[PDB]
Amino acid sequence: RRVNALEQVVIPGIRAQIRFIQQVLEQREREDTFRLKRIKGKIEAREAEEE
Amino acid sequence: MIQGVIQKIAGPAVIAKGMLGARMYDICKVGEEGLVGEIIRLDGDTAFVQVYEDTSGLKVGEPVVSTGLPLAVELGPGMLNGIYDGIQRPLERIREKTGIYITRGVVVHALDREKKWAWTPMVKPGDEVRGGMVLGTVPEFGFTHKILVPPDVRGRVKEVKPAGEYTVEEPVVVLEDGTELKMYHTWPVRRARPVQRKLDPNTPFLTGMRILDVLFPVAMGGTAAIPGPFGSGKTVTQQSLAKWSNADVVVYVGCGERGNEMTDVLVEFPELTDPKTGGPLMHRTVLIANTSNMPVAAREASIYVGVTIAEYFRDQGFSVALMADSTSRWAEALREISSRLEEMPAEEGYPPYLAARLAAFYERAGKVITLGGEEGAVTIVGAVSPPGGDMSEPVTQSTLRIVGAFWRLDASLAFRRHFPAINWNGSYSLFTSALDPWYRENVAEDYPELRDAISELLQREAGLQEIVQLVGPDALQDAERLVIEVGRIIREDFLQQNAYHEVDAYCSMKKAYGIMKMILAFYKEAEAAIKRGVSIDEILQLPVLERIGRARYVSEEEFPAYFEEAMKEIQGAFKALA
Amino acid sequence: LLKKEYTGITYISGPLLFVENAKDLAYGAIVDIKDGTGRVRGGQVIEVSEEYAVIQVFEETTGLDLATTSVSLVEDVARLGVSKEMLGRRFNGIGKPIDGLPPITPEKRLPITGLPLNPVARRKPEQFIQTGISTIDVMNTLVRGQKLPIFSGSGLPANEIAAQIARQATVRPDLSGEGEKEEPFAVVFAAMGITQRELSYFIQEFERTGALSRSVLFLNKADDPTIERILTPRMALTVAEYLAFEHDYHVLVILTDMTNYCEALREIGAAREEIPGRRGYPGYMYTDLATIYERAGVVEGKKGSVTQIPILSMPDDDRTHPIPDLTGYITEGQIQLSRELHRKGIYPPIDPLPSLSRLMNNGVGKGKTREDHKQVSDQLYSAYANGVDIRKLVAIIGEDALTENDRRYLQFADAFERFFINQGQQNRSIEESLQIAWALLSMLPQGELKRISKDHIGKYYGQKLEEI
Amino acid sequence: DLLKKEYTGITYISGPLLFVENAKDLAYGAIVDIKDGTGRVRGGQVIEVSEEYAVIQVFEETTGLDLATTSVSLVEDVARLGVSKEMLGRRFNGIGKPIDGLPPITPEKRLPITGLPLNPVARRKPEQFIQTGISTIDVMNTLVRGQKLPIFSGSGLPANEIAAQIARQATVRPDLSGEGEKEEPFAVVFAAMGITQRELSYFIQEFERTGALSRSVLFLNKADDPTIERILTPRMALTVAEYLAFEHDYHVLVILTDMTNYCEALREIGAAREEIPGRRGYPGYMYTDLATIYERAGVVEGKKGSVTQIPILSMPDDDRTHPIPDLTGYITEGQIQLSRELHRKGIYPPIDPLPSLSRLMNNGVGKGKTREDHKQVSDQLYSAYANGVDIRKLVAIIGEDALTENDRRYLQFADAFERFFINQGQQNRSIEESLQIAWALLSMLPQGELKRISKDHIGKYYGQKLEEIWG
Ligand SMILES: Nc1ncnc2c1ncn2[C@@H]1O[C@H](COP(=O)(O)OP(=O)(O)OP(=O)(O)O)[C@@H](O)[C@H]1O
Ligand SMILES: [Mg+2]
């Protein structure tokens, strides 16, 4: 009974939590990459175009 | 007026030039086709316009004309029994003009200018009138439609049209300064309509559903949110509230949903019967439709138009219920518009001012004293459809900080077809305490005690279910087995409700009270029988369980006799047994 | 009509290129690009200004240079020529024939983006369709004018079920009382991102069945440009709308894999440097998918109809992925396959618990199918769900704690799976299916069968599983 | 001058910001008046300046403004508020204007709303113990006069009722410390950020019922009010509180309704300016901005006044790791955390004692202040409750029957502790009654395992039966 409970209930729940957390962290990294792109584009624009 | 030309096009965003003198949040006419647009930016000689219609085929150099006025609606007789576009255009006139497809550039009037209305004056020459006062009545479908002074108007009257039939655009009252007042007036949709006072809600908003009326009530003039994944039952619940609730006027807003869900309402509703007047159900309902494949930028306008109309019907003294089909689509529209502006976004790309808009929208609801002196109320029920199916998405979190009730749906209960699929463990309501004086005098004196007993039984069953899952139902003692069985009987017979059954779709308060009394009487008898030593199976094999299970299918007329018969049967069965 | 050329091209960067003085290019137009070697590419205009216009190319930009490249003009609205002689033909994702036959003669030219249908002009779907699959026909019934996708996993036989639905699709006019008279039926098949082996399988199945005469096929292989994948379903839906709402056909539309459509959509959006969404997909995916699914339905005063059966593959098995989640918010139900049933050999492996059909209530009842259809379906759902829960309890704890009633529920669940779901290649009617369902309900005590009436069983009682 | 200058060179309007290009004369941080073409006047604040152009944030909405007729006029260079002793009993909006229909206040002084830091030499240690009448606060998370003690709340949890009950029941005990004459009542300063009509009506009714409006000053900013006005409300409230406490020797209690809304407005302004974000969305300088609000409380050497703050904030997904609760817990002197699980069982007030904390507890307890056994009793209660929770987690896995006697005793102690100690309703408890109940609960355990209490206190107080108090 103990082996069946551990194999059925616990492990899939832990695995689902792991993959959910991984997806959230990946999303945050993608968003900060987009922000870095925008600020680099802003930096390079004001240094060259202005006279 | 201010006139200029176009030089930039990107999706629904049009940038005009030569617009020096245009004001923020005005309305512009765009291009040769004559589209509708709104200005939200100013920069030098240029203006940034979002377009409420399709922008395909536009070219650089087409003229832009500014009307100088913000987005406004026409409020007056003729809005009932009607179906409107996202910017208040009647859809059947568009069908008559264009056909079966909605093309852009169609110009229609919101109110019919050619219908005759019966006019009955109230004021006399020389009287002093103020904003929100009543001057004249017009007969509508069962209702009495009052003609109101616009809120920002003061003056003295010496001209009254006599009792006769006139159109909506004839001056019926002329003020001393020369202002002419007609049967209709316009109001900008972004400004809240003035009131005198706001009151505490103290009467229930009866929905006809047992679980919502008993466990998680919402008061007349409150707000509520109903989140849940796809297939949980938001639309069916909202349509049942539209059919069965005791509100005088129902305003339904479809914001980016299916067109079939609106065609069903259009077709089925005229055949039904109004609960409190007996006429057709469509005579009290106003529909605003903006389906998913219609232009994206028009979703915000539909929400504001709906809440403005609901505020207008409040000032006449009615009690109005507003249902928003989805606010997630409105959030997506805001995200798209901000993406065209290249603003820095918050979490998940939503603009940082997202919570302010939701706060301003839900704040329109309340029970007020109108300017004319009558008492009205507006209640708002808004469905949230989180694409990020977890309950931590920003729209849900920003919604939960202002709403008074929270009806949470569960996908697990929807899979096993346990509709309404309301999660009674995660849901809550903050209006329970204030409604108790009304419950004690209008239903029964012991009603809150029965409600508390039902909640206690549900909590105990919730604990014992985890015990059962970790151990098994055989190892339980007889008292725990009885609690589990009574909880299952409650969950199957009282909480569950079929919205497509002819009889089960509507339930009065006294029917729910009778069912609760029957369940608790059975529980008390079975509890006393365990002390006598009777087996648990002898209780479960009793034929009286079938009587409780079929009780929710009994009609309202036949119910009191059924209830009395069932009480006698319970007493006799538990007396004679063992 | 005379043509116009612009040679002022001074920017090339990935998929985009800028035109120096294209003041009269309408927004959303279609342009063709010619380089120094004479090769012609296509492109669509999505920008315009007083200083430049932005054109993204429908394919790679190799070989372009700023000295010799010129941009010409095609008509400013993406249009497709349609005619009744398209029946029996094959086309690629852009509309050119790939059967080698001469091109069609267009009756009319229509925009491929369509127009929104007026909700006043719609009418309620009311005609039930019998497909011969008992799980679909009894519990998740299909109505004309419905968009009902099939949720599949990787390695599950979705294409075979799609082909079986295409063959076995038929209406039952005798139940409605009108009597049997012919109706024009047709199939529009749109495959995107399809490999050569499955392409050969589809072509061979359609030629073997004999339905190629009444069908139109749009094909798009995996080596084609990514724009053709985007433009493929719009052209198929334009053809379907034309046929149904002009010539009063009853058309059935099948979309092979929407997962490839979403991946192609992600490739296009990411190249233009715009904000991402929940999983890398663009934030406007909901509206873009809604412009496709919402074209189905029926129209008041017109005899035609359009029915959609999309097929999509979930990433591993998961819901809450953006593709099936956003699909579930637009369509009117889902048919979800189960890997557990496929593993043990049950065909077709349809799982009834997550499957759903919202328009079932409109197409069933007295005078449509039977007087007991809805109540039978509800009782089957409740009994099966309880049997599944008790089976989980048995697997965790053991067989010791069971009463006789729970063993009855377990026997009901096993019998229901083995007999009801597994049908192989049968073509079961609605009435024999309801008889089988009533036979399954006879396993349970008559007291437990709430919310039904006993005249329904009073004339079809006592049957066992006669197929065995 | 005889007439003041006006600037018309405005070419930008987008969101809350507004650019003017001929305005080098405006000081940084100045307050300006924005005049509409129709005559309406809106306020704004300058946060950037150059010889080229200036950047102004607008408090009210931007509807109706145009680039041709709008003009900007100048008010004084520092945002200053006029304060007086006559303002007790008045109501004000988010920016300090009266909304009670009474004539405005004639100022005795005009003070800058941003304030100034307190000199660490000039401070002194908070000492006086405050009896709030709640056992889980009085015994285990003691509040002393001069403390910043925020309340961490959820969505449906009753933080407002707890705050009102604390404000109603709060008093000091001069008899225990021997300080002599009884105190004067607290003066309440109530600052509300974006708040619904329901909460506002409840607070107004509760203050009217007890007659506390004669001592109170209310700054109200409703949910339908402009968002950027929320920047100024806490600063004005704390300016008034500091003036009253340190110039007129009052004992001021300050309640801030929802710091979450203040953080939302701050994020709006930061995102409009393309600032570098913090963790989730909020700007990187949010720690410094919150610090200028909280750190204005305390006591001052040589003066009788005091300022006590009870901010209320809502953890969004009941999440303690969210940026707003994290920064609040880094700045403040403790926290009171409400529990949803206790709320679902009908327990009021639903204070969870384990995540709660009071940093300044050790200054206000001990002999000569409350009693000699306070700290040891608190420690023993904490350890016993932690053991009970751990044993709950154990019996969730192994089952009740496998327990020994010791674990069963701890489990029953945890259940009785929750039901009797935490659940108290609207009743008022003195410190002696709470200590008596706590000693009665500890008597359920043998003397062997309570090692954190000295043997003299055990010999004196142990052995009480709970049935005498609850039966
Ligand atoms: N109370 C109910 N009684 C009977 N059937 C119900 C009930 N609630 C839901 N259903 C069934 O479940 C389906 C759920 O569809 P519904 O439109 O209500 O879902 P939803 O959560 O609003 O989804 P969407 O996000 O797609 O709008 C209904 O079509 C119906 O078949
Ligand atoms: Mg729905």
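As stated in the entry header, the method of structure determination is cryo-EM and the reported resolution is 3.0 Å.

Caption draft 1: Seen up close, the overall build of chain B. Helices and strands together make up the secondary structure of chain B, namely 16 helices and 26 strands. With the principal axes as the frame, chain B shows a C-alpha extent of 90 × 60 × 45 Å. Within the span of chain B, comprising 578 residues, buried residues form 60% of the whole. A total of about 21,500 Å² of accessible surface is found on chain B, and carbon and sulfur atoms cover 52% of it.

Caption draft 2: Expanded view of a nonpolar patch on the surface. A contiguous nonpolar surface patch, about 420 Å² in accessible area, is contributed by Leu6(A), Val9(A), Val10(A), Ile14(A) and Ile18(A). Mapping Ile14(A) onto the fold places it in helix α1 (residues 2-48).

Caption draft 3: Spotlight on the site of ligand 1. The immediate surroundings of ligand 1 are formed by 17 residues, with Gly233(B), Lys234(B), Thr235(B), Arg258(B) and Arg358(C) found nearest. Between ligand 1 and the protein, one listed contact pairs an oxygen atom with a side-chain N or O atom of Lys234(B) at 2.7 Å. Within the contact set of ligand 1, a nitrogen atom lies 3.3 Å away from a backbone nitrogen or oxygen of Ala499(B). For ligand 1, whose accessible area on its own is 640 Å², the fraction buried by protein is 92%. At three residues, the largest contribution of residues to the shell around ligand 1 is made by helix α3 (residues 234-244) of chain B.

Caption draft 4: Focus on the UniProt feature "binding site: ATP" in chain B. Under the present numbering, the feature "binding site: ATP" in UniProt falls on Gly228(B), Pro229(B), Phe230(B), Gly231(B), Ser232(B), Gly233(B), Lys234(B) and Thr235(B). By the secondary structure assignment, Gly228(B) is in the loop between β19 (223-227) and α3. Other than its neighbours up to four places away in sequence, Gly228(B) contacts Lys234(B), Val384(B), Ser385(B), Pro386(B), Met391(B), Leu409(B) and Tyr329(C). Of note, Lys234(B) is situated in helix α3. Contacts of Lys234(B), omitting those with residues within four sequence positions, involve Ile226(B), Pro227(B), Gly228(B), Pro229(B), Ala383(B), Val384(B), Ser385(B) and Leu409(B). Among the polar contacts made by the side chain of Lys234(B), one reaches the main-chain carbonyl oxygen of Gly228(B) at a distance of 3.3 Å.

Caption draft 5: How the structure looks around the coordination of the magnesium ion (ligand 2). All names here are of chain B. Here the magnesium ion (ligand 2) is held by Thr235 (OG1) and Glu261 (OE), and the distances to it run 2.0 to 2.5 Å. A residue pair is termed long-range when its members are at least 10 positions apart, and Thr235 in helix α3 and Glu261 in helix α4 (residues 260-268) qualify at 26 residues. Look at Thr235 and you get buried, because its relative accessible area is 17%. By relative accessible area, which is 12% here, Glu261 ends up buried.

Caption draft 6: Examining the interface of chain B and chain C more closely. Contact with chain B, which involves 67 residues of that partner, is made by 61 residues of chain C. In total, about 5,800 Å² of surface goes out of reach between chain B and chain C, with carbon and sulfur atoms giving 54% of it. On inspection of chain B and its partner chain C, the count reaches ten salt bridges. Looking at the side of chain B that touches chain C, the elements that each hand over two or more residues are β1 (3-10), α1 (91-98), α4, α6 (328-341), α11 (447-470) and α12 (478-495) of chain B. For the side of chain B that touches chain C, the leading source of residues is α4(B), giving six residues. Of the residues contributing to the side of chain B that touches chain C, the split by class is 24 nonpolar, 20 polar and 23 charged.

Caption draft 7: Broad picture of the sheet that holds strand β6 (residues 53-57) of chain C. Residue and element names in this part refer to chain C. Read across the open sheet, the seven strands follow the order β1-β7-β4-β5-β6-β3-β2; overall the sheet is antiparallel. Two strands in the sheet have a free side with no partner beyond their single neighbour: β1 (5-6) and β2 (12-13). The sheet contact formed by strand β4 (residues 30-34) and strand β7 (residues 70-72) spans two bridges and is antiparallel. In the strand pairing of β7, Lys34 is matched with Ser70.

Analysis parameters
In this view, residue numbering begins from 1 on each chain in the order the sequence is written and may differ from the entry, while residues that lack coordinates are not shown. Note on labels: chains are lettered from A, ligands numbered from 1, in written order. Reported values pertain to the displayed chains only, which are themselves part of a larger assembly. As a rule here, side-chain values come from all non-hydrogen atoms in the structure, and water together with hydrogens is ignored. Labels follow the DSSP assignment, with helices taken as runs of H or I lasting at least four residues and strands as runs of E lasting at least two, numbered in each case from the N terminus. Buried means the residue's accessible area, taken with a 1.4 Å probe over protein chains only, is under 20% of the maximum for its type, while exposed means over 50%, and partly exposed covers the values in between. Accessible surface is estimated by sampling points in the Shrake-Rupley manner with a 1.4 Å probe; for residues, cover comes only from the protein chains shown. The patches reported here contain residues having more than 30% relative accessible area and no salt bridge. Joining distances are 9 Å for like charges and 5 Å for nonpolar side chains (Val, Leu, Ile, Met, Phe, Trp, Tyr). When a carboxyl oxygen of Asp or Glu lies within 4 Å of a side-chain nitrogen of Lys or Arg, that pair is called a salt bridge. Nearness here has a simple test: a residue counts as near a molecule or strand if at least one of its heavy atoms is within 4 Å of that partner. Side-chain atoms alone can form a polar contact between residues adjacent in sequence; in general such a contact is a pair of N or O atoms within 3.5 Å, and within protein one must be able to donate a hydrogen while the other accepts it. UniProt positions are given in the numbering used here, feature names are shortened, and annotations may be inferred rather than shown by experiment. The contact rule is simple, with two residues in contact once any of their heavy atoms fall within 4.5 Å. Metal donors: N, O and S atoms at distances within 2.8 Å, or within 3.2 Å for Na, K and Ca, with water omitted from the atom set so that some sites may seem incomplete. Summed over both partners, buried area is the accessible surface (1.4 Å probe) that two parts give up on being assembled. Here the nonpolar group is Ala, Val, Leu, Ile, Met, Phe, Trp, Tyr, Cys and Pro; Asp, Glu, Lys and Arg are the charged ones; every other residue, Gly included, is treated as polar. When DSSP finds at least two bridges between two strands, those strands are taken to pair.

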